[PDB]
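A.B. asks: This is query04.txt (compact mmCIF, C-alpha atoms and all ligand atoms).
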# COMPACT_ATOMS: atom_id res chain seq x y z
CA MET A 1 0.00 0.00 0.00
CA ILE A 2 1.01 3.64 -0.34
CA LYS A 3 2.42 5.02 2.89
CA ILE A 4 2.15 8.80 2.79
CA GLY A 5 2.01 11.78 5.13
CA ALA A 6 3.67 15.07 5.99
CA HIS A 7 5.67 16.97 8.59
CA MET A 8 3.02 17.84 11.20
CA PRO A 9 2.86 20.78 13.64
CA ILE A 10 3.22 19.80 17.32
CA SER A 11 2.30 23.20 18.78
CA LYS A 12 -1.15 22.04 19.93
CA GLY A 13 0.37 18.87 21.41
CA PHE A 14 1.86 15.60 20.17
CA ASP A 15 -1.44 13.81 20.81
CA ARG A 16 -3.22 15.77 18.07
CA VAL A 17 -0.83 14.58 15.32
CA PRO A 18 -2.39 11.15 14.65
CA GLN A 19 -5.87 12.67 14.14
CA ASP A 20 -4.44 15.48 12.01
CA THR A 21 -2.68 12.88 9.89
CA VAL A 22 -5.77 10.90 8.92
CA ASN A 23 -7.64 14.21 8.43
CA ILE A 24 -5.27 15.15 5.59
CA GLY A 25 -5.54 11.65 4.14
CA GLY A 26 -2.27 10.30 5.48
CA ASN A 27 -1.12 7.25 7.45
CA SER A 28 2.45 8.37 8.13
CA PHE A 29 4.03 11.50 9.61
CA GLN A 30 7.08 13.47 10.70
CA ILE A 31 7.34 15.78 13.71
CA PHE A 32 9.91 17.88 15.54
CA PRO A 33 10.69 16.38 18.96
CA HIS A 34 10.31 19.82 20.59
CA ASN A 35 10.14 23.56 19.96
CA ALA A 36 13.17 24.70 21.95
CA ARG A 37 14.83 28.01 21.07
CA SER A 38 18.28 26.99 22.25
CA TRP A 39 20.37 23.98 23.26
CA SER A 40 18.04 22.70 25.99
CA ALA A 41 14.77 20.91 25.26
CA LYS A 42 12.07 19.58 27.58
CA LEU A 43 10.88 15.97 27.54
CA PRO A 44 7.19 15.41 26.91
CA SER A 45 5.50 14.70 30.23
CA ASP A 46 4.26 11.20 31.10
CA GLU A 47 0.74 12.46 30.43
CA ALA A 48 1.60 13.92 27.02
CA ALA A 49 3.45 10.76 25.95
CA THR A 50 0.56 8.54 27.07
CA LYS A 51 -1.98 10.62 25.16
CA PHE A 52 0.23 10.46 22.06
CA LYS A 53 0.49 6.66 22.18
CA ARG A 54 -3.24 6.31 22.84
CA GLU A 55 -4.10 8.41 19.80
CA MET A 56 -1.56 6.41 17.77
CA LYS A 57 -3.34 3.18 18.71
CA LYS A 58 -6.78 4.70 18.16
CA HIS A 59 -5.92 5.75 14.60
CA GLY A 60 -3.89 2.63 13.80
CA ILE A 61 -0.77 4.52 12.76
CA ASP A 62 2.01 2.07 11.89
CA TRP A 63 5.02 2.83 14.11
CA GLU A 64 7.26 2.22 11.10
CA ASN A 65 5.55 5.23 9.49
CA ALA A 66 6.24 7.74 12.27
CA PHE A 67 9.39 9.86 12.38
CA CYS A 68 11.01 12.66 14.33
CA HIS A 69 13.12 15.29 12.55
CA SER A 70 15.87 17.06 14.51
CA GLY A 71 16.08 20.86 14.54
CA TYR A 72 18.30 23.28 12.64
CA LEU A 73 20.65 24.06 15.54
CA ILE A 74 22.36 20.67 15.75
CA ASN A 75 25.55 20.49 13.70
CA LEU A 76 27.77 17.45 14.29
CA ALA A 77 30.21 18.71 11.65
CA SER A 78 30.73 22.06 13.37
CA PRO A 79 34.39 23.19 13.61
CA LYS A 80 33.42 24.90 16.88
CA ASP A 81 33.90 22.54 19.81
CA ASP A 82 31.25 24.16 22.01
CA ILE A 83 28.71 23.95 19.18
CA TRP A 84 29.70 20.31 18.60
CA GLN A 85 29.34 19.46 22.31
CA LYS A 86 25.99 21.21 22.71
CA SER A 87 24.81 19.59 19.47
CA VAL A 88 25.76 16.17 20.83
CA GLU A 89 23.97 16.78 24.13
CA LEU A 90 20.81 18.03 22.41
CA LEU A 91 20.73 15.07 20.01
CA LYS A 92 20.90 12.67 22.99
CA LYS A 93 17.94 14.50 24.53
CA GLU A 94 16.09 14.19 21.22
CA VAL A 95 16.73 10.45 21.21
CA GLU A 96 15.29 10.30 24.74
CA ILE A 97 12.25 12.27 23.56
CA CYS A 98 11.79 9.68 20.80
CA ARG A 99 12.12 6.89 23.37
CA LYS A 100 9.47 8.52 25.59
CA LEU A 101 7.07 9.01 22.68
CA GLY A 102 7.80 5.53 21.32
CA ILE A 103 9.17 7.01 18.07
CA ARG A 104 11.64 4.65 16.40
CA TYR A 105 13.37 7.10 14.07
CA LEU A 106 15.20 10.40 14.43
CA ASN A 107 16.12 12.09 11.14
CA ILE A 108 19.01 14.54 10.79
CA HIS A 109 21.05 16.40 8.21
CA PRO A 110 24.62 15.14 8.72
CA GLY A 111 26.07 18.64 9.17
CA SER A 112 28.14 21.46 7.70
CA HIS A 113 31.90 21.84 8.10
CA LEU A 114 31.52 25.58 7.43
CA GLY A 115 34.54 25.54 5.13
CA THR A 116 36.96 23.61 7.34
CA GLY A 117 36.96 20.50 5.16
CA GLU A 118 34.67 17.62 4.22
CA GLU A 119 36.94 14.86 5.51
CA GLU A 120 37.45 16.30 9.00
CA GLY A 121 33.78 17.23 9.06
CA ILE A 122 32.80 13.63 8.38
CA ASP A 123 34.94 12.37 11.26
CA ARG A 124 33.29 14.84 13.63
CA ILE A 125 29.86 13.65 12.58
CA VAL A 126 31.00 10.07 13.11
CA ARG A 127 32.35 10.92 16.57
CA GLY A 128 29.17 12.81 17.45
CA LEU A 129 27.00 9.90 16.36
CA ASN A 130 29.14 7.57 18.48
CA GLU A 131 28.70 9.70 21.61
CA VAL A 132 24.95 9.76 21.01
CA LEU A 133 24.36 6.13 20.01
CA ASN A 134 26.77 4.66 22.59
CA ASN A 135 24.85 6.50 25.30
CA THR A 136 21.32 5.57 24.16
CA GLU A 137 19.28 2.55 23.01
CA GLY A 138 16.64 1.52 20.49
CA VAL A 139 16.12 4.68 18.45
CA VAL A 140 17.61 4.56 14.96
CA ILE A 141 19.14 7.75 13.59
CA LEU A 142 18.40 8.51 9.93
CA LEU A 143 20.85 10.41 7.76
CA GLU A 144 19.23 12.65 5.16
CA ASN A 145 20.87 13.59 1.86
CA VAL A 146 20.98 17.38 1.43
CA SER A 147 21.74 20.14 -1.07
CA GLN A 148 25.30 21.19 -1.86
CA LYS A 149 25.24 24.61 -0.19
CA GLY A 150 28.13 26.06 1.80
CA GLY A 151 29.77 23.27 3.78
CA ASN A 152 26.83 20.85 3.73
CA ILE A 153 27.91 17.23 4.00
CA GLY A 154 25.67 14.59 2.43
CA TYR A 155 24.76 15.98 -1.00
CA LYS A 156 26.14 12.74 -2.44
CA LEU A 157 24.90 9.42 -1.03
CA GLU A 158 28.56 8.34 -1.02
CA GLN A 159 29.06 10.75 1.88
CA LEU A 160 26.32 9.19 4.00
CA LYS A 161 27.92 5.77 3.55
CA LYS A 162 31.37 7.04 4.58
CA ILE A 163 29.82 8.32 7.79
CA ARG A 164 27.79 5.18 8.38
CA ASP A 165 30.58 2.64 7.78
CA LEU A 166 32.65 4.34 10.52
CA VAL A 167 29.97 4.43 13.22
CA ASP A 168 30.13 1.94 16.11
CA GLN A 169 26.44 1.02 15.94
CA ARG A 170 25.73 0.83 12.19
CA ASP A 171 22.44 -0.98 12.77
CA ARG A 172 21.17 2.21 14.43
CA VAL A 173 22.05 4.40 11.47
CA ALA A 174 19.84 4.39 8.38
CA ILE A 175 18.95 6.59 5.42
CA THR A 176 16.33 9.14 4.37
CA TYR A 177 16.04 10.23 0.73
CA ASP A 178 14.86 13.78 0.06
CA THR A 179 13.78 14.13 -3.56
CA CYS A 180 14.42 17.90 -3.67
CA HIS A 181 17.90 17.72 -2.13
CA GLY A 182 18.70 14.83 -4.46
CA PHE A 183 17.40 16.74 -7.47
CA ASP A 184 19.56 19.70 -6.47
CA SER A 185 22.49 17.29 -6.49
CA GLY A 186 21.92 15.66 -9.88
CA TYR A 187 19.77 12.68 -8.85
CA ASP A 188 17.29 12.59 -11.73
CA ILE A 189 14.21 10.68 -10.57
CA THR A 190 12.22 12.07 -13.51
CA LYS A 191 13.76 9.39 -15.74
CA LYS A 192 13.44 5.67 -15.01
CA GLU A 193 17.18 5.29 -15.67
CA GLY A 194 17.70 7.89 -12.96
CA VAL A 195 15.50 6.06 -10.48
CA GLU A 196 17.18 2.75 -11.35
CA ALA A 197 20.61 4.29 -10.78
CA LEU A 198 19.41 5.79 -7.49
CA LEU A 199 18.11 2.42 -6.31
CA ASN A 200 21.32 0.63 -7.36
CA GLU A 201 23.37 3.24 -5.49
CA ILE A 202 21.27 2.84 -2.34
CA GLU A 203 21.36 -0.96 -2.61
CA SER A 204 25.15 -0.96 -3.06
CA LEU A 205 25.98 1.72 -0.50
CA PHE A 206 23.60 0.74 2.33
CA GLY A 207 21.17 -1.97 1.26
CA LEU A 208 17.54 -1.21 0.46
CA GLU A 209 16.23 -1.90 3.96
CA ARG A 210 18.34 1.05 5.14
CA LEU A 211 16.00 3.35 3.24
CA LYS A 212 13.53 4.19 6.01
CA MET A 213 11.90 7.37 4.70
CA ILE A 214 11.43 9.42 1.55
CA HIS A 215 11.11 13.17 1.94
CA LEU A 216 8.73 13.90 -0.92
CA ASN A 217 9.47 17.43 -2.13
CA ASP A 218 9.13 18.98 -5.57
CA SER A 219 11.77 21.61 -6.39
CA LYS A 220 11.61 25.33 -7.16
CA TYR A 221 14.71 24.83 -9.30
CA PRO A 222 16.08 22.61 -12.10
CA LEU A 223 18.10 19.42 -11.72
CA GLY A 224 21.54 20.31 -10.36
CA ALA A 225 20.53 23.74 -9.04
CA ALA A 226 21.79 23.18 -5.48
CA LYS A 227 19.26 25.77 -4.26
CA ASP A 228 17.33 23.94 -1.53
CA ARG A 229 13.89 25.45 -2.09
CA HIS A 230 10.96 23.03 -1.76
CA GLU A 231 7.89 23.12 -4.00
CA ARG A 232 4.34 21.73 -3.92
CA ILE A 233 3.96 18.32 -5.56
CA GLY A 234 3.38 18.78 -9.29
CA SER A 235 4.24 22.49 -9.26
CA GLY A 236 8.01 22.16 -9.60
CA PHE A 237 10.81 20.99 -11.88
CA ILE A 238 10.20 17.35 -10.97
CA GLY A 239 6.55 17.72 -11.90
CA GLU A 240 3.65 15.31 -12.25
CA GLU A 241 5.51 13.31 -14.91
CA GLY A 242 8.70 13.09 -12.87
CA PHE A 243 6.89 11.91 -9.75
CA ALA A 244 4.82 9.49 -11.84
CA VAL A 245 8.03 7.75 -12.93
CA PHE A 246 9.42 7.79 -9.38
CA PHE A 247 6.15 6.36 -8.02
CA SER A 248 6.18 3.47 -10.50
CA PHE A 249 8.98 1.68 -8.65
CA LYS A 250 7.87 -0.93 -6.10
CA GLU A 251 11.06 -0.23 -4.14
CA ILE A 252 9.91 3.38 -3.81
CA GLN A 253 6.38 2.36 -2.81
CA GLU A 254 7.88 0.22 -0.03
CA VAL A 255 9.00 3.40 1.75
CA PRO A 256 6.82 6.06 3.47
CA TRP A 257 6.52 9.31 1.51
CA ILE A 258 6.72 12.31 3.83
CA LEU A 259 5.85 15.80 2.55
CA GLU A 260 7.97 18.82 3.49
CA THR A 261 6.43 20.98 0.78
CA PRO A 262 5.44 24.60 1.53
CA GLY A 263 2.35 25.22 3.68
CA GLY A 264 0.59 23.40 6.50
CA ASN A 265 -1.98 20.63 7.01
CA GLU A 266 -4.33 22.25 4.50
CA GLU A 267 -1.74 22.47 1.71
CA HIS A 268 -0.39 19.01 2.48
CA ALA A 269 -3.84 17.44 2.24
CA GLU A 270 -3.95 18.82 -1.31
CA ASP A 271 -0.48 17.47 -2.12
CA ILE A 272 -1.61 14.05 -0.90
CA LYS A 273 -4.68 14.24 -3.16
CA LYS A 274 -2.34 15.32 -5.97
CA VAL A 275 -0.14 12.26 -5.43
CA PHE A 276 -3.06 9.86 -5.81
CA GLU A 277 -4.28 11.96 -8.73
CA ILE A 278 -0.89 11.50 -10.39
CA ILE A 279 -1.04 7.79 -9.61
CA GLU A 280 -4.49 7.47 -11.17
CA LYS A 281 -3.79 9.72 -14.16
CA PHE A 282 -0.58 7.95 -15.19
CA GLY A 283 -1.98 4.49 -14.49
CA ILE A 284 0.56 3.60 -11.82
CA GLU A 285 0.33 0.21 -10.13
CA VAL A 286 -0.82 -0.09 -7.55
ZN ZN A 301 15.55 17.55 6.78
Could you express the structure from this file as structure tokens?
C.D. replies:
Amino acid sequence: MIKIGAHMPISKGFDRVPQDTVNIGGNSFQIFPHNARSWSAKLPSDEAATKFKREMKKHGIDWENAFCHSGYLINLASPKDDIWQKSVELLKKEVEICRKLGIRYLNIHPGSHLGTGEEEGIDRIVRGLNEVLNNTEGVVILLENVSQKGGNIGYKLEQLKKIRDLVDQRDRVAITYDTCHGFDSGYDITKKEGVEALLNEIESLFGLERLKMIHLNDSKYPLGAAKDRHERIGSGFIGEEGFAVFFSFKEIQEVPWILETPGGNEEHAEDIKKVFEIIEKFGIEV
């Protein structure tokens, strides 16, 4: 079946997310683990966590379709030690928030070396991940591919594998594929050859079961732009045709599609409708 959803607001409480998900036509979702302004974040209370799990059960949300996404502050590739340390300590807290909520996945951008070098930046990420993983249990951290802006690490899937193969607990590191970041970086999912090459690269670098989530974003810019601006499904340079090709692969259908396109619940409900519209219009099986 198609597993699809969106990044959901948590400002009215975690427990409202399951209901909001089915109300936009989804059965999967992504959420921030908190709304902290700085390096310290609160845990959900026992009460909040219980309500969240109860609503999850009520609405039958598959726990393999529910993700947390870490915030913008954390940078494990930071050349600043104090930023690296604080980032490490906040990520641990975020893992513990996931544990409390029952969330199995925490998704992050690997980091930015801010112009101090990709190789040293990768080692820092690796070391940060070790400190986090070796001091926590259960939760799997997902590495997201990103756009090639500034010192971003991870715009090539090769970079995610270099990080992952050096981590102590590899089984607790997996992969998220963002279609907009990939498109920025030359990954052409608008052609079947492109999708096939993507799949082969994922299979060879990590194995296909390491692909835990797809961030389904159209792009404001052409293939290779490296611009990192998301676009509504069907309104960008990937388009209805591009996504139709992408959707035709069973390997792609196996993974939850999570929207990070502009707007909120209202706009995302439309994108979800658009996805099924594309599926119907182009005669995609299923
Ligand atoms: Zn992200």
A.B. asks: Between chain A and ligand ZN 301 (chain A), at 9 Å or less, what are the per-residue closest atom pairs and their distances in Å? Count only C-alpha atoms and all ligand atoms, order by chain and rising residue number, and return it as JSON lines.
C.D. replies:
{"residue": "A:69", "atom": "CA", "partner": "A:ZN301", "partner_atom": "ZN", "distance": 6.7}
{"residue": "A:70", "atom": "CA", "partner": "A:ZN301", "partner_atom": "ZN", "distance": 7.8}
{"residue": "A:71", "atom": "CA", "partner": "A:ZN301", "partner_atom": "ZN", "distance": 8.5}
{"residue": "A:72", "atom": "CA", "partner": "A:ZN301", "partner_atom": "ZN", "distance": 8.6}
{"residue": "A:107", "atom": "CA", "partner": "A:ZN301", "partner_atom": "ZN", "distance": 7.0}
{"residue": "A:108", "atom": "CA", "partner": "A:ZN301", "partner_atom": "ZN", "distance": 6.1}
{"residue": "A:109", "atom": "CA", "partner": "A:ZN301", "partner_atom": "ZN", "distance": 5.8}
{"residue": "A:143", "atom": "CA", "partner": "A:ZN301", "partner_atom": "ZN", "distance": 8.9}
{"residue": "A:144", "atom": "CA", "partner": "A:ZN301", "partner_atom": "ZN", "distance": 6.3}
{"residue": "A:145", "atom": "CA", "partner": "A:ZN301", "partner_atom": "ZN", "distance": 8.3}
{"residue": "A:146", "atom": "CA", "partner": "A:ZN301", "partner_atom": "ZN", "distance": 7.6}
{"residue": "A:176", "atom": "CA", "partner": "A:ZN301", "partner_atom": "ZN", "distance": 8.8}
{"residue": "A:178", "atom": "CA", "partner": "A:ZN301", "partner_atom": "ZN", "distance": 7.7}
{"residue": "A:215", "atom": "CA", "partner": "A:ZN301", "partner_atom": "ZN", "distance": 7.9}
{"residue": "A:260", "atom": "CA", "partner": "A:ZN301", "partner_atom": "ZN", "distance": 8.4}
A.B. asks: Looking at A:172, A:149, A:210, A:192, which one is nearest to residue 229 in chain A, with distances taken over only C-alpha atoms?
C.D. replies: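 Using only C-alpha atoms, the shortest distance to residue 229 in chain A belongs to A:149.
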A.B. asks: If you measure from CA of residue 264 in chain A to CA of residue 10 in chain A, what distance in Å do you get, rounded to one decimal?
C.D. replies: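 Answer for the CA of residue 264 in chain A to CA of residue 10 in chain A separation: 11.7 Å.
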A.B. asks: For range 268-285 of chain A, find every residue with an atom within 8 Å (counting only C-alpha atoms), except residues of its own chain fewer than 2 positions away, and show them as number ranges by chain.
C.D. replies: A: 4-6, 23-26, 232-234, 240, 243-244, 247-248, 259, 261, 263-266
A.B. asks: List the spatial neighbours of residue 117 in chain A as number ranges by chain - criterion: any atom at most 12 Å away, only C-alpha atoms, same-chain residues fewer than 2 positions off excluded.
C.D. replies: A: 77-79, 111-115, 119-124, 150-153
A.B. asks: For a test of reading the model, state the distance in Å between CA of residue 228 in chain A and CA of residue 147 in chain A, rounded to one decimal.
C.D. replies: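 Distance between the two atoms: 5.8 Å.
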A.B. asks: So, counting only C-alpha atoms, which residue among A:7, A:164, A:12, A:58 is closest to residue 110 in chain A?
C.D. replies: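 Checking each of A:7, A:164, A:12, A:58 against residue 110 in chain A, counting only C-alpha atoms, the winner is A:164.
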A.B. asks: Show me, as lines of an AutoDock Vina configuration file, the centre and edge lengths in Å to one decimal of the axis-aligned box that covers every listed atom of range 105-108 of chain A with 8 Å on each side.
C.D. replies:
center_x = 16.2
center_y = 10.8
center_z = 12.6
size_x = 21.6
size_y = 23.4
size_z = 19.6
A.B. asks: Counting all atoms listed in the file, figure out which residue out of A:156, A:196, A:97, A:142 gets nearest to residue 171 in chain A.
C.D. replies: A:142
A.B. asks: Considering only C-alpha atoms, return as number ranges by chain whatever protein or nucleic-acid residues lie within 7 Å of residue 68 in chain A, sequence-local ones (same chain, fewer than 5 positions apart) excluded.
C.D. replies: A: 30-33, 105-107
A.B. asks: Please provide the set of residues having any atom within 9 Å of residue 93 in chain A, restricted to all atoms listed in the file, with same-chain residues fewer than 3 positions apart removed, written as a ChimeraX atom specification.
C.D. replies: /A:40-43,88-90,96-98
A.B. asks: Of the candidates A:223, A:252, A:213, A:56, which one gets nearest to residue 16 in chain A if we count only C-alpha atoms?
C.D. replies: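 Answer, going by the shortest atom-to-atom distance: A:56.
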A.B. asks: Would you mind completing range 246-265 of chain A to N, CA and C atoms and writing the output as a PDB file, in the frame of the given file?
C.D. replies:
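So the final result, stored in part39.pdb, reads:
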ATOM      1  N   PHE A 246       8.940   8.126 -10.718  1.00  0.00           N
ATOM      2  CA  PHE A 246       9.420   7.790  -9.380  1.00  0.00           C
ATOM      3  C   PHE A 246       8.472   6.840  -8.650  1.00  0.00           C
ATOM      4  N   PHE A 247       7.176   7.134  -8.717  1.00  0.00           N
ATOM      5  CA  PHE A 247       6.150   6.360  -8.020  1.00  0.00           C
ATOM      6  C   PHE A 247       5.965   4.951  -8.587  1.00  0.00           C
ATOM      7  N   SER A 248       6.426   4.732  -9.814  1.00  0.00           N
ATOM      8  CA  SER A 248       6.180   3.470 -10.500  1.00  0.00           C
ATOM      9  C   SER A 248       7.067   2.337  -9.977  1.00  0.00           C
ATOM     10  N   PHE A 249       8.064   2.682  -9.172  1.00  0.00           N
ATOM     11  CA  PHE A 249       8.980   1.680  -8.650  1.00  0.00           C
ATOM     12  C   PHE A 249       8.486   1.093  -7.328  1.00  0.00           C
ATOM     13  N   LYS A 250       8.326  -0.228  -7.295  1.00  0.00           N
ATOM     14  CA  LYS A 250       7.870  -0.930  -6.100  1.00  0.00           C
ATOM     15  C   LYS A 250       8.789  -0.644  -4.917  1.00  0.00           C
ATOM     16  N   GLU A 251      10.090  -0.544  -5.182  1.00  0.00           N
ATOM     17  CA  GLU A 251      11.060  -0.230  -4.140  1.00  0.00           C
ATOM     18  C   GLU A 251      10.749   1.122  -3.499  1.00  0.00           C
ATOM     19  N   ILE A 252      10.267   2.061  -4.306  1.00  0.00           N
ATOM     20  CA  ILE A 252       9.910   3.380  -3.810  1.00  0.00           C
ATOM     21  C   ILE A 252       8.615   3.314  -3.013  1.00  0.00           C
ATOM     22  N   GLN A 253       7.660   2.532  -3.506  1.00  0.00           N
ATOM     23  CA  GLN A 253       6.380   2.360  -2.810  1.00  0.00           C
ATOM     24  C   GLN A 253       6.552   1.709  -1.438  1.00  0.00           C
ATOM     25  N   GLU A 254       7.589   0.890  -1.293  1.00  0.00           N
ATOM     26  CA  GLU A 254       7.880   0.220  -0.030  1.00  0.00           C
ATOM     27  C   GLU A 254       8.176   1.195   1.114  1.00  0.00           C
ATOM     28  N   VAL A 255       8.557   2.422   0.764  1.00  0.00           N
ATOM     29  CA  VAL A 255       9.000   3.400   1.750  1.00  0.00           C
ATOM     30  C   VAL A 255       7.963   4.512   1.920  1.00  0.00           C
ATOM     31  N   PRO A 256       7.751   4.963   3.170  1.00  0.00           N
ATOM     32  CA  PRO A 256       6.820   6.060   3.470  1.00  0.00           C
ATOM     33  C   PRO A 256       7.221   7.379   2.813  1.00  0.00           C
ATOM     34  N   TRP A 257       6.278   8.017   2.128  1.00  0.00           N
ATOM     35  CA  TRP A 257       6.520   9.310   1.510  1.00  0.00           C
ATOM     36  C   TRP A 257       6.053  10.433   2.436  1.00  0.00           C
ATOM     37  N   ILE A 258       7.006  11.233   2.903  1.00  0.00           N
ATOM     38  CA  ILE A 258       6.720  12.310   3.830  1.00  0.00           C
ATOM     39  C   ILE A 258       6.906  13.686   3.183  1.00  0.00           C
ATOM     40  N   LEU A 259       5.829  14.465   3.141  1.00  0.00           N
ATOM     41  CA  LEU A 259       5.850  15.800   2.550  1.00  0.00           C
ATOM     42  C   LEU A 259       6.540  16.835   3.435  1.00  0.00           C
ATOM     43  N   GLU A 260       7.405  17.641   2.830  1.00  0.00           N
ATOM     44  CA  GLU A 260       7.970  18.820   3.490  1.00  0.00           C
ATOM     45  C   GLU A 260       7.773  20.011   2.573  1.00  0.00           C
ATOM     46  N   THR A 261       6.745  19.928   1.738  1.00  0.00           N
ATOM     47  CA  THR A 261       6.430  20.980   0.780  1.00  0.00           C
ATOM     48  C   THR A 261       5.831  22.190   1.500  1.00  0.00           C
ATOM     49  N   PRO A 262       5.880  23.371   0.860  1.00  0.00           N
ATOM     50  CA  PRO A 262       5.440  24.600   1.530  1.00  0.00           C
ATOM     51  C   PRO A 262       3.995  24.506   2.030  1.00  0.00           C
ATOM     52  N   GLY A 263       3.701  25.185   3.135  1.00  0.00           N
ATOM     53  CA  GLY A 263       2.350  25.220   3.680  1.00  0.00           C
ATOM     54  C   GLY A 263       2.173  24.360   4.911  1.00  0.00           C
ATOM     55  N   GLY A 264       0.922  24.205   5.339  1.00  0.00           N
ATOM     56  CA  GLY A 264       0.590  23.400   6.500  1.00  0.00           C
ATOM     57  C   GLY A 264      -0.318  22.232   6.174  1.00  0.00           C
ATOM     58  N   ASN A 265      -1.074  21.772   7.171  1.00  0.00           N
ATOM     59  CA  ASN A 265      -1.980  20.630   7.010  1.00  0.00           C
ATOM     60  C   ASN A 265      -2.884  20.770   5.789  1.00  0.00           C
TER      61      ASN A 265
END
